[PDB]
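Enquirer: dropping in the first section of the assembly, placed as in the complex:
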Amino acid sequence: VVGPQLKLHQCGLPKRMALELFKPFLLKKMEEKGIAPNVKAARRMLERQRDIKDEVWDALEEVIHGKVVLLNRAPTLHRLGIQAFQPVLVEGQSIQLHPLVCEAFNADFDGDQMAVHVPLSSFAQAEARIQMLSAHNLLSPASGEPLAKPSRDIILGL
Amino acid sequence: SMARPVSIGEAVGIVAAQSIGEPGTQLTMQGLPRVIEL
């Protein structure tokens, strides 16, 4: 679904998706605070949905801070089929995508789906952030020309 | 992509293949068969 509000480097990530994706980190940061005595307690606490509480969301927000995920839309035709975005927790089950990268994925809003991957180590996260960040690739490795550029509504208004 | 010198270690082959392949679905069936022929 298109977020208009997203900065070029950002993507809307559903809360539950992020919770499950980042789950070990969330357990760790839950033990770091007083939310749970230990890891296992935290996991058993997250297992049921009616056991979920306010503090855990702020905890998750602390967890994902500075981190990025990878968005990929099949088919991946060229390098930009995967791009790195800083996740922003959103209400709803839909992933929010930034308009300018659409042309790069050949994505539109008619019901296309995308996949999220979480790079784990410091190395992978560094690679993602420096090399694969959407805002960092502005030009076609193919033609050299601009890749993320105004289209549709934007060009219209301007 | 960066409009500057290529960084050593950049994998060129995959980039070339992808760059040639991506527009391929915009060519019909002298078009795509000519490309494959070449």
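Expert: Okay, I see it. Numbers count the residues shown, from 1 in each chain, chains lettered A, B, ... in the order given.
Enquirer: which ones are touching residue A:136?
Expert: Under the criterion of CB atoms under 8 Å, 6 or more residues apart in numbering or on different chains, the contact partners of residue A:136 comprise residue A:130. C-beta here means a position set from N, CA and C on the backbone, and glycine is covered the same way.
Enquirer: switch the cut-off to 10 Å
Expert: Contacts were defined as CB atoms under 10 Å, 6 or more residues apart in numbering or on different chains; by that measure residue A:136 touches A:8-9, A:83-84, A:129-130, B:1-2.
Enquirer: quick check, nearest of the residues you listed to residue A:149?
Expert: For residue A:149, the nearest member of the contacts of residue A:136 is residue A:8. The distance, counting by CB to CB, is 11.5 Å.
Enquirer: that closest one - that's part of a strand, no?
Expert: No - with DSSP: H, G, I helix; E, B strand; the rest coil as the criterion, residue A:8 is coil rather than part of a strand.
Enquirer: next, give phi and psi for it.
Expert: With angles defined as degrees, to the nearest 10, residue A:8 shows backbone torsions of phi -50, psi -30.
Enquirer: show me the contacts for it.
Expert: For residue A:8, the contacting residues are A:85, A:98-101, A:133-136, A:138, A:148, by CB under 10 Å, 6+ apart.
Enquirer: cool, residue B:7 as well?
Expert: Applying CB under 10 Å, 6+ apart, the residues near residue B:7 are residue A:131.
Enquirer: now it, what's its secondary structure?
Expert: Per three-state DSSP, the local secondary structure of residue B:7 is coil.
Enquirer: next one: it from residue A:130, what distance?
Expert: Separation of residue B:7 from residue A:130 (CB to CB, to the nearest Å): 11 Å.
Enquirer: what sits against the residue positioned nearest the centre of chain B?
Expert: Chain B has residue B:20 as the residue nearest its centroid, 2.0 Å off, counting by CA atoms, centre = their mean. Under the criterion of CB under 10 Å, 6+ apart, the neighbours of residue B:20 are A:78, A:142, B:35.
Enquirer: please slot chain C in as well:
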Amino acid sequence: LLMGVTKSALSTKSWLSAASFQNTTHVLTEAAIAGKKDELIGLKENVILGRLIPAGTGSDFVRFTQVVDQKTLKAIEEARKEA
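Expert: Okay, here's chain C dropped in alongside the others:
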């Protein structure tokens, strides 16, 4: 000798790559007879083995780079000045 992309692919040195591409029986038998070794020069090979590919952050060129702060650098410098 000019050969098309497929034959050129199958004709490469790395038998892992050729075997992953196509004509698996042919490639593999011709590799087994001659007792071929795969030096793992290309990407596909190391991908199959699950190693760090020889490109980007996995290129020998930039991968051995070290980083150190001036404090620790000078401490180690004094350790070197002692001996």
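Enquirer: same question on the contacts of residue A:136, but now with chain C added
Expert: With contact set as CB under 10 Å, 6+ apart, residue A:136 has these partners: A:8-9, A:83-84, A:129-130, B:1-2.
Enquirer: what sits against residue A:115?
Expert: By CB under 10 Å, 6+ apart, the contact set of residue A:115 is A:69-74, A:82, A:95.
Enquirer: mind putting the contacts of residue A:136 in TSV, distance to chain C and secondary structure included?
Expert: TSV is the format used below for the contacts of residue A:136 (distance: CB to the nearest CB, whole Å; DSSP: H, G, I helix; E, B strand; the rest coil):
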residue	distance to chain C	secondary structure
A:8	23	coil
A:9	20	coil
A:83	16	strand
A:84	14	strand
A:129	12	helix
A:130	10	helix
B:1	13	coil
B:2	14	coil
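Enquirer: so which of these is the most crowded?
Expert: Counting neighbours by other CB atoms under 10 Å in any protein chain shown, residue A:83 leads those with 27 neighbours.
Enquirer: now do the contacts for the closest residue to that one other than its chain neighbours.
Expert: Counting by CB to CB, 6 or more residues apart in numbering or on different chains, the nearest residue to residue A:83 once its immediate chain neighbours are dropped is residue A:134, at 4.4 Å. The contact partners of residue A:134, by CB under 10 Å, 6+ apart, come to A:6-11, A:68, A:71, A:80, A:83-86, A:97-98, A:100-101, A:104, A:147-148.
Enquirer: list the contacts of residue C:53.
Expert: If you count contacts by CB under 10 Å, 6+ apart, residue C:53 has them with B:11, C:40, C:42-47, C:59.
Enquirer: now which of the residues you listed would you call buried?
Expert: Those of the contacts of residue C:53 that meet the buried threshold are C:40, C:42-46, C:59, by 16 or more other CB atoms under 10 Å in any protein chain shown.
Enquirer: same list (those) but as JSON lines, adding secondary structure.
Expert: Putting those into JSON lines (three-state DSSP) gives the following:
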{"residue": "C:40", "secondary structure": "coil"}
{"residue": "C:42", "secondary structure": "coil"}
{"residue": "C:43", "secondary structure": "helix"}
{"residue": "C:44", "secondary structure": "helix"}
{"residue": "C:45", "secondary structure": "helix"}
{"residue": "C:46", "secondary structure": "helix"}
{"residue": "C:59", "secondary structure": "coil"}
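Enquirer: then chain D, please:
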Amino acid sequence: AXXXXXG
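Expert: So that you can see how it sits with the rest, here is chain D on the chains above:
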């Protein structure tokens, strides 16, 4: 069933 998603 395929293309951009009629069915």
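Enquirer: again for the contacts of residue A:115, chain D present now?
Expert: A:69-74, A:82, A:95.
Enquirer: next up, phi/psi of it, please.
Expert: Residue A:115 has phi and psi values of phi -110, psi 150 when expressed as degrees, to the nearest 10.
Enquirer: can you tell me how far the residue nearest the centre of chain A is from residue A:111?
Expert: Against the mean C-alpha coordinate of chain A, by CA atoms, centre = their mean, the closest residue is residue A:87 at 3.6 Å. When CB to CB is applied, the distance between residue A:87 and residue A:111 equals 22 Å.
Enquirer: out of the contacts of residue A:115, which end up buried?
Expert: A residue is treated as buried here by neighbour count (16+ other CB under 10 Å); on that basis the buried members of the contacts of residue A:115 are A:69-71, A:73, A:82, A:95.
Enquirer: make JSON lines out of those residues and add distance to chain B and secondary structure.
Expert: Below are those laid out as JSON lines (distance: CB to the nearest CB, whole Å; three-state DSSP):
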{"residue": "A:69", "distance to chain B": "21", "secondary structure": "strand"}
{"residue": "A:70", "distance to chain B": "17", "secondary structure": "strand"}
{"residue": "A:71", "distance to chain B": "17", "secondary structure": "strand"}
{"residue": "A:73", "distance to chain B": "13", "secondary structure": "coil"}
{"residue": "A:82", "distance to chain B": "12", "secondary structure": "strand"}
{"residue": "A:95", "distance to chain B": "23", "secondary structure": "coil"}
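Enquirer: closest one to residue C:15 out of those residues, please.
Expert: Looking across the buried ones among the contacts of residue A:115 and measuring by CB to CB, the closest to residue C:15 is residue A:82, at 29.4 Å.
Enquirer: my guess is that closest one meets residue A:75, correct?
Expert: No - between residue A:82 and residue A:75 there is no contact, the gap being 11.8 Å when judged by CB atoms under 10 Å.
Enquirer: good, wrapping up.
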